Each structure stands twice: as structure tokens, then as C-alpha cells.
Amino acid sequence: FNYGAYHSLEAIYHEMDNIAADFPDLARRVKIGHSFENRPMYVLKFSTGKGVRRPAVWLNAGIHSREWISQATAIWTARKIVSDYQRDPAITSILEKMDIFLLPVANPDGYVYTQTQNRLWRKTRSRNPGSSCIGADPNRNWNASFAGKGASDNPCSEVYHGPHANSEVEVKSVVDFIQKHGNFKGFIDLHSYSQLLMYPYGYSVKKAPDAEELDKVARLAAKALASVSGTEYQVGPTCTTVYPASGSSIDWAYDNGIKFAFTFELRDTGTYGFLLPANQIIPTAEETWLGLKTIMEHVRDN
């Protein structure tokens, strides 16, 4: 499995199985539901212990199918975690304190579609009654000012919110798991592109109560990320740093008690856009990992 190339859904799933097989005491591949077309939603859970209130961090990727660098970064990250456990003191102490749940392909149907039919497909592949247009934006489908400014009522739009919050089974699956499991302290959502590290809110200009801390943490993480190969990120709240966006995942997370809620917009800044060449996968993943560790160290320490 060449971590420096893009892969099919089947290959990514198989490599997650391989990772859990290599490190059975640490990593287990877990089914949390299925997609609209009945593909399994697979997460890897990395854990060194169990508790009723044991804290956990959720790492989300590939909610938008065309953003190939996200799924590719995610699967590399799974391997980095098991490779570095009990070698790097940082990821070791993090995992000794909390669980990490990782969802490399949050939108499997869209992902398959980007490889079979339309490289720029973004949405789910669910049916829209009365319309020949398919799919909803899973990152406008969460119960966070759902259908507010920052989405579309039009099933044919990239940013269609769906008929109601949690209509998309892909999203409902994650929401259900997080609500039932509890004790999530971080939620980090990997997208591309633009090189931004953002925090709530997307649905409103209002300031998050924790904005000062989150901004501080984000700037530290961006500096760590830049330490590898000088990749520069901008930092700020979603609405004013990229655009208004309602019903997004991190806003839902933050409004539901998950303090450290961040979105990464990975490489690049528009030269290749969504079609980032495979030769940037490893460089992207390595730098992003320093950013992720920085956030998770702060979670560990609060």
C-alpha cells in the first residue's frame, strides 16, 4: 500500500484492517453505520484503556469526496499513530490519556463516485424527491443553525442542506456514535483546499466563548505545521475566514460540548486546488500531523 498514491475505497478499507491487525492491542476497525448505498462507515479507534468518562478526540476526513488529500492524509495518519506509539513521547502520552477515533472516509459513496464518474463530486449520493439532482452537502446537514444562512435549499447546489438535519445517514451515523459514546473533547475535520485552520462559528459572526483559547491553540498548531516545510496557514473563525456555512460539523460539535473543534483546509492555495498531485501526499500528511499533535497535546493538558 503506497502511502504516496491515491487509492480506491476498497484499498483504504483493507489497509485499515491491516493496521488493526498489526496492532490489535491498540487499534481496532469499527463499523458505526453505513452509507446511503450500503457501504460500511469504518472508523479506527486507537486506545490504551477504557472508562465511563474516558475522554476522546474525533478526527474526521473525506466528508467531501473530491478533497482527495483529506482521505489520503487520514490513512497515512492511522499508520503514523501505530508506528509512533511508545516511540514518540507526545503521541504516547496523548493515547495514555484519551482515545482517538479516526474516520478516513466520511462520505464513501461520493468517494467511489469521484473515481468512477465525476472527479469533482462533493455531496452524498442520496435521492432527492421530485428532482433529477442527487445528494446533499454532508457539511451543511448537521444540527447547528440548520438551513440558516450559509447553505442552499436547492438539491442541485453543492451546498444543499438536505430536507432536515441528520437526513444523511453518513452524518446521522457519526452524530449517533458521538452522542452515545460521550466525553468527546476534540473534533477536527479535515478538508481541502486553502491552507486555513479555523474554529466556530460558520453559521454566525458571534464569538465563541472559547475563541481566545482556540485561536491561540490554532496559531500554535499552524506554527508547528509550518516547521516542516514552511507551509503557511491562516487562522480564524469559519464565517469570516472562509465564508458563511450553516449546519457544519465543527459548529455542531462545539454546540454539543466538544470544546476543541477545528477545521483544517489542507493544501494547496489554488494552483492545483482539489486535484493536488499524489507527490504532495506525504509532505502534506507529515506537516499536518505536527498540527494535529499540537491540538491534541492541548486537549491532554486541559
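So that there is no doubt, residue numbering starts at 1 and follows the sequence shown.
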Stretch with higher mean Cα temperature factor, 56 to 64 vs 233 to 241, is 233 to 241
19 to 27 set against 275 to 283, stretch whose average Cα temperature factor tops the other in the entry | 19 to 27
One of 148, 129, 108, 162 has the largest Cα B-factor in the entry, namely 148
Looking at 113, 76, 199, 203, which has the highest CA B-factor as recorded?
-> 203
With respect to C-alpha B-factor, does residue 188 fall in the lowest, middle or highest third of the chain as deposited?
-> lowest
Ranked by Cα temperature factor within the chain, is residue 80 in the lowest third, the middle third or the highest third?
-> middle
Among modelled residues of the same chain, the CA temperature factor third for residue 119 = lowest
Residue 256 - which third its CA temperature factor falls in, relative to the rest of the chain = highest
Using the B-factor values recorded in the entry, state whether the Cα atom of residue 175 falls in the lowest, middle or highest third among the modelled residues of its chain.
-> middle
